[PDB]
Every structure is written in structure tokens, then in C-alpha cells.
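The chain below stands alone, shown as C-alpha cells; this is the form deposited in one PDB entry.
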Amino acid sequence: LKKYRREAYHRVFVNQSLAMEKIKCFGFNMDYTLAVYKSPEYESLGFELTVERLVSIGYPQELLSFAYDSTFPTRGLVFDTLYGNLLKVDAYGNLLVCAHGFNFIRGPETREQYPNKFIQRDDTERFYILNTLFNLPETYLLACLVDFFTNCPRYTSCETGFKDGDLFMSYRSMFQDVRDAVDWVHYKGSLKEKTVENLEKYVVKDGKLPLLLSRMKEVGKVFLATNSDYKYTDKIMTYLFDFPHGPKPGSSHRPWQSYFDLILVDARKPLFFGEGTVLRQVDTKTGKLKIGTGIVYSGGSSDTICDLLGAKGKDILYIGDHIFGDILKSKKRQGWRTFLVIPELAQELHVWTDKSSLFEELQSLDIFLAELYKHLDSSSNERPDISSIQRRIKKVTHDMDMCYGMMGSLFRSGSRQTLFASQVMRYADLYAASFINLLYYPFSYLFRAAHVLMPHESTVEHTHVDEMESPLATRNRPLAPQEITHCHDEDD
């Protein structure tokens, strides 16, 4: 008998043990959490608006011919502003994939600009990390621009940018324009206007949302905390909750506000998690603000929301699509528990089960490769011929990569986890493709973390191994505590 587990696509994955029974408040981001934007339509809209802003501000008319290609960008790429590269890197700064425009650079050539295939993430001035779902269009746009200027006759390619006559245009200054333009599209409400004038096209709607939030509110408190203003929030949330019946079968509809003990807009995250801004109440009928302490607030800070709800830190499960630094953990008061929404997980899981044959083959090749070396040790002069096998391993591995997209898996390249995966393991207690998967779990559930196995763990059997062990290895090899010395796996 093997362990029971819910169906794969309904699962909530566990990084750190979490006893859901102790959770008293449920907190939601809105954007890409409750309001899931349809893909690739939303990225494309963001792409078009940014390109148009750039053109309206001096960039060549050629850009208007770019079309967003959803198959190219993977989230979490690092843009190197010195050399104009998109880089997929691991948790430690090692290069996995390097693309200059649409040209993927192989290993040997990479060492020219990166002699140890290494970058220092610390160099925030040089390296910009494109972690967010909103960063997707600009990730593609950056590649489009570098490709454009590289192959445009009017320009002269250099190491750190382009010559336009006697004039130099660095990748760095070009990056600033793109960054400024993306900011512009968002904060000018250009994007927001187009989204609300066509909700069906851009925003996913699902009857399960009101059901899950309903059930949460029966067991504890529910709050929203979004950077968006009330007006846009009201438009979006009305849409999400717009069904002829409430969530209980045969029940009548009710306002989205009804599902919340506390609604917070203009959150200004991430400053919100520090001292944020003064909390003010919102009169929804007039739109008049008033500092101090209806259930609609603007601004404030995470500590203030925690006070308003009568919650302590670890009583709160905060659900959202965004990875924040160690900011919460640094404070002297208890930080929140976290649930990270990662929509790509939906596609990634499909590859995991539907491309089963590719994994199979990779495993056979590995098994056969080990056979070739089976009889060899340090006294062996033999050099088995493996070039055919490797060649096939590379071909199958690349096919697998392409299953995810041109930039491969969000979580890995080959045997290496990405910086993004590493950040997920660091910040998220739980994760899933959507928060709606909580539907499939009781509120008393004990979320238990599975071990992440090191090589000597994953590849050594618990079977007792039947010559003496070298003393070079064994080194010639207080009242002890009578009760368990740690408690992180039970969450108590």
C-alpha cells in the first residue's frame, strides 16, 4: 500500500509544515490571485501598450511589428544590462541559459563574457531579475529590442550596446526606457482601462472562488490587501462574484464585500510590509478618505492589518503571487504564513505526466550509461565510447525543455533548480497553480513537508550493505536530551 494523495492538479504542495487548524485569518492579494488574467491575451495587451509607449516616445516604427510570443519567455530571467543578455541562472548565480536577442549562446562562447559562467546577483545595478507575472511582456520585449538593433543595418553592434552614427546607445540606457515604459503603462491606467472595458476577454471567472472564500469566512477571518485603488478593485471583484446564485446551491447572490472582514486598497506593497503609510478609511459611496479608524481601508501597513483583525502573525495565511524578501521575518513580531500562487505550475504538471515517455527514455539512457562504466575503477585505462548516448541525452533533454517553452521550465534546467525555484523554497510555506486547490483540503489538514533529498540520500538504499571501510573515511571511529529537539515538521 502506497500513500494516498489527491489528484495532481488539485494538489497543494508543501515546503514547510503547516497545521491549517491554527490558521484564523486568510489574506489575499488580488492581482493574479483572485483575479487571474487570461494568458497569453493579458501579456500581449501589456506588450502592445508598452511598445506603443516606446514608439510614441522616439523608438523606431519597426517595434509596432513585434507580436508577443508566449512560447519564448520563462519567468525569473535575469537581464544583464551590461551585455544585453537574458540569463536563466541557478540558486547560486551559475548560468544555465544565455540568450542575446533570439540567439541562444552555447557554453564555450558564454565564457567570453562570463568566464566562470557566473554572475553576482548582488549587483542590483547591473542585473535585473524579472520575477513577476507582469514582467512577462517586458521579458519578451527586451529580447525583441536586442534582436532588432543587432540585425538592423542602421546600427552597429557592440559589446555593451549599439552605435547609431557617432552616438552610443547602451543596453543599460535602453533597459531604463523599457522599465520606464512598463511603469508608464501600469501607473497611467492605460492597461487598467482596457482590462475593465473587456473583463471576459482578460479575466478568468470561476464559481469555485466564492465557494472557497465562503468556507474560509465560516472558519475564520478573510481580508483583501491590494495595491490597486478601490475603483478598479470594485470593478474586478464585482465581476469575479457575478453569478445568478450565491455559492451554496440555491442561495441568492451577495456583494463581494460580504466575503471580507477587512478590505485594504492602495496597499503600497512592499513598503506596506514595513511601516507603509498612514491607514485611512474609505467611504465607498463618496470616495472620501479619512485617516484613522465600514470595512474598506486604504494604505496602512501589515502590522496595522494584523492589529485590526486581532490576529497574531502565525495565525495568518497570506495568499498571493508575489515573493517578498526576508522583510517579514526580520521584524520583531511574528510574520505571516504564506501560500504562493504559481500559475505556470498548471502547464508544468501537464508536461510531467503527459511527456512520461521522455522521462522514461532519459532514465534508460542513464541506466545504460552506468552499465558502460560498471566494471571500471581507477586502475582501468578504458574510455568507453559514450558520444552517441550523450548525443541522444541532449536531444531528449532539449525536446523536454521545448515542452515548457523556448526558455525551459520555470523551476529547472537539467539537474539544476532555477534561482526562482530556490526563492519559492525560501519564501512559500505552500504553493499551487492556484489558491483554489485549498477547496480540496479540510481546514483541519496537517500540511507536511517532504524531504528534499541530497545525492547521498536519493541514490543510496536504506538496505543494509553487506573489505573493511577505509580509516581515511571513518576517522578510525552533558545528559543527552530525552525528547525531540526540533518542532518545525509538526508546526507546534
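Don't overthink the numbering: it's just position in the shown sequence, from 1.
According to the entry, the deposited sequence has 10 or more residues without coordinates between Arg477 and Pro478. The modelled chain is continuous from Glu461 to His462, with every intervening residue of the deposited sequence accounted for. As the entry records it, the average C-alpha temperature factor is higher for 324-332, out of 324-332 and 99-107. Higher mean CA B-factor, judged across 170-178 and 120-128 from the recorded values: 120-128. Taking the deposited Cα B-factors for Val36, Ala432, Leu54, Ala67, the highest one is held by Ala67.
Of the candidates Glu43, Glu467, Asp31, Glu457, the deposited coordinates give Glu467 the top C-alpha B factor. In the PDB entry, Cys25 places in the middle third of its chain by CA B-factor. In the PDB entry, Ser444 places in the middle third of its chain by CA B-factor. For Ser258, the recorded CA B-factor ranks within the highest third of the chain. Only modelled residues enter the ranking. In this PDB entry, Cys152 carries a Cα temperature factor that places it within the highest third of its chain's modelled residues. In the PDB entry, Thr50 places in the middle third of its chain by CA B-factor.
Keep in mind that the form solved in complex with a small molecule is missing from the display, and what follows is about it.
Picking from 143-151, 179-187, 309-317, 163-171 the stretch near the small molecule in the entry with it bound, with a 4.5 Å limit on heavy atoms, gives 179-187.
Using a 4.5 angstroms threshold between heavy atoms, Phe411 stays clear of the small molecule in the entry with it bound. In the entry with it bound, no heavy atom of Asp234 sits within 4.5 Å of the small molecule. Mapping the unseen interface onto this chain, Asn227 counts among the residues with a heavy atom inside 4.5 Å of the small molecule in the entry with it bound. Contact annotation for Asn29: at least one heavy atom lies within 4.5 Å of the small molecule in the entry with it bound. Taking a 4.5 Å heavy atom cutoff to the small molecule in the entry with it bound, the contact residue among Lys192, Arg254, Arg392, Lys117 is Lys192. This chain is drawn without the small molecule; in the entry with it bound, the residue among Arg215, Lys355, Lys269, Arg280 with a heavy atom within 4.5 Å of it is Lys269.
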